[PDB]
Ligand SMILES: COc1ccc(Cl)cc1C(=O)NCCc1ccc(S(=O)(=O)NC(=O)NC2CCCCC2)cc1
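Shown next as structure tokens: one chain only, the form solved without the ligand.
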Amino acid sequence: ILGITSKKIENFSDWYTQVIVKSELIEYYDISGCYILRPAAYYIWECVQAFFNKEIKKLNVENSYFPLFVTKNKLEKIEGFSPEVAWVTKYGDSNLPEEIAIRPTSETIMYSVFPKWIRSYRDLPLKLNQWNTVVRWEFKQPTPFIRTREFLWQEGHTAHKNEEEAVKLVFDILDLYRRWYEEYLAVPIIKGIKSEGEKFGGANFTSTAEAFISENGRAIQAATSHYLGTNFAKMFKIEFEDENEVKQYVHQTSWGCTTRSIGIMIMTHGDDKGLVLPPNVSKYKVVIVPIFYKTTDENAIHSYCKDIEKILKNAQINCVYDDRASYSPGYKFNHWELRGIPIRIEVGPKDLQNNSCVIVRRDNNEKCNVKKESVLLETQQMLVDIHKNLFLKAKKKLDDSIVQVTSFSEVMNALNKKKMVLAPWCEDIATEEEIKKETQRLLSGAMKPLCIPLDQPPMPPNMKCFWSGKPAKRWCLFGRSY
């Protein structure tokens, strides 16, 4: 009912349920894989959505909105997906003439019109984005935020005269996804390129951002940015008149990130007292709680607290003053801790006498006293350090989850020990399923290749692939995955 009753290590999954619900982030729903986002949760989405929008306007990306529905034949104009499509069949009691499908992505919808908007080089680059929801009916069991059947996302689609233009933006968007996670969610991600076997069917290459849940040792795709080259341009006959009057195919990118990011954050920073929010995604930065008992204290406290509130708010630091008389101080402590509020300020008699108050960080529970005069400044610096600390703890933790090894058995040791592994690899696609099905022999417990990180350690000259025996091309991250 109230309090988290499962240790994050002991039942991590029951923990997650308890946290997301009891923190007022979500509510479950009578349709599997769909979840209600209460304001505490949606606020987080809005914050990142603001950030991302800001950043893509600088790349002249423009928002837009395409329809939620797509027709059978249009949709089937990408591979291995059709069993995941939800079909609208009727309206009221009337069967529709043809099935129509709910968007799982907007490629087919959008790219059918592109040729119409793109006749010449003067038309390029074309840069669109959507904030919409999409629907995929997925076999693997749904889990709030991480794998949802409906989900909010942003989906970006661009088209350019040439690769230099296009690829450059791919990596531009990838960095924005890093910042999304690091500057806002304080979640560290590793940028990489996916393997041929795991990359997006219609992409030249898929660049990715990868996170890792230490507790169950599962990696997770945090965001995705593709160079598509001309693949879709061939499929939808999207062409332009060159600066010389030769017809050309366009070079496109698509990229997207979803509410999954919210789940990643929760899993990262959440603890046994409950939700822990980086301040940049919590409406309330501070909760002010009075702690006193003699009735004589009552007016003078209500004031001191109301004063402290005034200071913060003036400074555009939103906060709550829990002054409710029918709740124990410990109720209030637990409650706001659980809800993720970064800072509690405690006000009692010893602080009025002393012109001060106790501040307490949500991230690690250090308390201090600070003279009222300098509360504003100390609160601001605190909030920053809480971000600094949440992030840095999470990067120390990520790094300890990554073991660099060279042999197959070193690999299995690491995998058995809930790690993810950095290993030399030849990159032959034929090895991927072998490696998957054969590790799974010792949610799916196979070792997937996650991403070939951009930041490569050096490659010894004779270094062999840990599986093929073939000489290894580059270091790749492998792990069990969400």
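Only the largest set of C-alpha atoms that superpose within 1.5 Å between the two forms is called the rigid core. Note that residue numbering begins at 1 and tracks the sequence as displayed.
- Of the other structures of this protein that model both sides of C34, every one gives it coordinates; not a third omit it.
- In the other compared entries of this protein that model both flanking residues, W87 lacks coordinates in at least a third of them.
- Gap check for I429 to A430: zero deposited residues are absent from the model.
- The segment from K283 to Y284 is modelled without interruption, since every residue of the deposited sequence in that interval carries coordinates.
- When the C-alpha B-factors of 41 to 49 and 451 to 459 are averaged, 451 to 459 comes out higher.
- According to the PDB record, 87 to 95 carries the higher mean C-alpha B-factor of the two stretches 87 to 95 and 171 to 179.
- The entry assigns its greatest Cα B factor, within the set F391, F139, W131, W336, to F139.
- When the C-alpha B-factors of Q221, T295, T206, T268 are ranked from the entry, the top spot goes to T295.
- Per the PDB record, residue ranking by Cα B-factor puts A446 in the highest third of the chain.
- When all modelled residues of the chain are sorted by CA temperature factor, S374 is found within the highest third.
- Ranked within its chain, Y331 lands in the middle third, by CA B factor from the PDB record.
- Sort the chain's modelled residues by C-alpha temperature factor and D30 lands in the middle third, per the entry.
- Split the chain's modelled residues into thirds by C-alpha temperature factor. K436 is in the middle one.
Unshown form solved in complex with the ligand; subsequent notes refer to it.
- Counting ligand atoms within 2.4 Å of backbone or C-beta atoms, the overlay of the ligand from its pose in the bound PDB entry onto the shown chain yields 3 or more, and the pocket is blocked.
- With the partner left out here, the ligand still marks one of 380 to 388, 146 to 154, 114 to 122, 238 to 246 in the bound PDB entry; by a 4.5 Å heavy atom cut-off that stretch is 146 to 154.
- The ligand is not drawn, but in the bound PDB entry it has no heavy atom within 4.5 Å of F466.
- The shortest heavy atom separation between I56 and the ligand in the bound PDB entry exceeds 4.5 Å.
- Not displayed here, the ligand is kept clear of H269 by more than 4.5 Å at the level of heavy atoms in the bound PDB entry.
- Although the partner is absent from this view, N462 stays clear of the ligand in the bound PDB entry, with no non-hydrogen atom inside 4.5 angstroms.
- Screening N280, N216, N334, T230 for any heavy atom within 4.5 Å of the ligand in the bound PDB entry leaves a single hit, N216.
- This chain is drawn without the ligand; in the bound PDB entry, the residue among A446, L68, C47, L37 with a heavy atom within 4.5 Å of it is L37.
- Lining up the core between the shown form and the other one shows that one residue from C47, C426, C34, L37 moves its Cα 2 Å or more, and that residue is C34.
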